[PDB]
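# Fold and contact review
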2 protein chains.
Amino acid sequence: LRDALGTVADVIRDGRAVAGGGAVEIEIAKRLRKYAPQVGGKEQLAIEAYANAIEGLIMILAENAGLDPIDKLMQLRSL
Amino acid sequence: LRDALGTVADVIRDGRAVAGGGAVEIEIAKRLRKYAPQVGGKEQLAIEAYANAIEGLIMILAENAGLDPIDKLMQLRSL
Ligand SMILES: Nc1ncnc2c1ncn2[C@@H]1O[C@H](COP(=O)(O)OP(=O)(O)O)[C@@H](O)[C@H]1O
Ligand SMILES: Nc1ncnc2c1ncn2[C@@H]1O[C@H](COP(=O)(O)OP(=O)(O)O)[C@@H](O)[C@H]1O
């Protein structure tokens, strides 16, 4: 209850809100793979890696729901 | 000389010709990364790998010319 109250208060003081289904994370992955070709130096291999690694989060979250993760990941990204 | 003659004959009987600077290979890599999202199944991870592996050829060829390969690869792909 005190944790829930604090959670709500942090919403109140943000005034804004986001989804949580890992979908915030996947959308970040889609902005990143469009920013990285503008930088183009050796640094590019680092940003492409970062996007792939944060896409690596929901791949774990699905595995705790017992789904076969790779197949659900590709289906999700396709949608 | 007999190898050169045979090389020419294979051109004559093709009637068509291509560059050789590894650039044929890099252009294939650019078609592939545009075909793969249409397939979309788990098979996608295999085609993206294939494109990355054939892009892995000229990375070796530059190393036999002593250049630092990664930097020349990124510069080439950017061009
Ligand atoms: N019921 C749920 N359905 C889907 N995603 C959830 C659910 N509960 C939590 N999440 C997601 O799990 C992550 C939060 O992990 P969690 O262990 O709950 O953190 P905390 O322990 O700090 O609450 C976020 O991606 C959140 O949106
Ligand atoms: N002088 C060169 N400059 C650039 N690329 C070259 C040159 N000579 C060969 N290549 C490339 O090297 C590859 C051919 O490798 P090579 O060892 O010559 O095969 P082979 O021994 O059968 O002739 C192709 O990509 C070809 O275009």
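The record lists cryo-EM as the method behind this PDB entry and 4.19 Å as its resolution.

## Description of the interface of chain B and chain A
Opposite the ten residues of chain B that make contact, chain A presents ten residues. Taken together, the two surfaces of chain B and chain A that pack against each other cover about 780 Å², and 64% of this comes from carbon and sulfur. Our count for the contact surface shared by chain B and chain A stands at two salt bridges. When the shortest N-O distance is used, the salt bridge between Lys 42 of chain B and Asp 68 of chain A registers 3.1 Å. Where the side of chain B that touches chain A is concerned, the elements lending two or more residues are α3 (43-64) and α4 (69-78) of chain B. In terms of residue count, α4 of chain B provides more of the side of chain B that touches chain A than any other element does, four residues in total. In terms of residue class, the side of chain B that touches chain A is built from three nonpolar, three polar and four charged.

## Comments concerning the relation of the copies chain B and chain A
Here chain B sits on chain A after a turn of 180° about the axis and a move of 0.0 Å along it, with an RMSD of 0.0 Å. The superposition operator between the copies reduces to a two-fold rotation axis. For chain B, the smallest separation between a C-alpha atom and the rotation axis is recorded for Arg 33 of chain B, amounting to 6.6 Å. Both copies contact each other with a shared surface, as 100% of the interface residues of chain B are interface residues in chain A too.

## Considerations on the layout of surface pockets
Approximately 1600 Å³ is the volume attributed to the largest pocket. What lines the largest pocket is a set of 38 residues, and nearest its centre among them are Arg 33, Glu 48 and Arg 77 of chain A together with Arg 33 and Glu 48 of chain B. Here the residues of the lining of the largest pocket sort into 16 nonpolar, ten polar and twelve charged.

## Topic: a positive patch on the surface
A contiguous patch of positive charge on the surface is contributed by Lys 30 and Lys 34 of chain A together with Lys 30 and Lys 34 of chain B. Residue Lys 34 of chain B is classed as exposed on the basis of its relative accessible area, which comes to 60%.

What counts and how
- Within every chain, numbering proceeds from 1 in written sequence order, not necessarily in step with the numbering of the entry, and residues without coordinates do not appear.
- Chains and ligands are labelled by the order in which they are written, letters from A for the one and numbers from 1 for the other.
- Reported values pertain to the displayed chains only, which are themselves part of a larger assembly.
- With hydrogens and water set aside, each side-chain value is computed from the structure's full complement of heavy atoms.
- By the convention used here, residues are in contact when the closest approach between their heavy atoms is within 4.5 Å.
- Two parts placed together each lose some accessible area; with a 1.4 Å probe, that loss summed over both constitutes the buried area.
- The salt bridge criterion pairs a side-chain nitrogen of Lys or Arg with a carboxyl oxygen of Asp or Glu, the two atoms within 4 Å.
- In this description a helix means any DSSP run of H or I spanning at least four residues, a strand means any run of E spanning at least two, and both kinds are numbered starting from the N terminus.
- Residue classes follow a fixed rule: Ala, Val, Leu, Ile, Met, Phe, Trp, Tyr, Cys and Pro count as nonpolar, while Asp, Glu, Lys and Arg count as charged, and any other residue, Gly among them, counts as polar.
- Here the copies share a common frame obtained from a least-squares superposition of their C-alpha atoms.
- Buried and open spaces are told apart on a 1 Å grid over the protein atoms alone, a cavity being a set of points where a 1.4 Å probe fits but cannot get out and a pocket being an open set with protein on both sides within 12 Å along at least five of seven lines. Residues with an atom within 4 Å of a point are the lining residues.
- Grid points are joined across faces, edges and corners, and a volume is the space filled by probe spheres set on the points.
- Residues enter patches when their relative accessible area tops 30% and they take part in no salt bridge; the joining distance is 9 Å for like charges and 5 Å for the nonpolar side chains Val, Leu, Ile, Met, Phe, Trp and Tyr.
- Here the accessible surface of atoms and residues is derived via Shrake-Rupley with a 1.4 Å probe, and residues count as covered only by protein chains that are part of the display.
- Positive charges come from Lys and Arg alone, negative charges from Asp and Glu alone, with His and the N- and C-terminal ends not counted.
- For the purpose of locating charges, the reference atoms are NZ of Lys, CZ of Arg, CG of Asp and CD of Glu.
- Think of it in three bands: residues with accessible area under 20% of the maximum for their type are buried, residues over 50% are exposed, and the middle band is partly exposed, with areas taken using a 1.4 Å probe on protein chains only.

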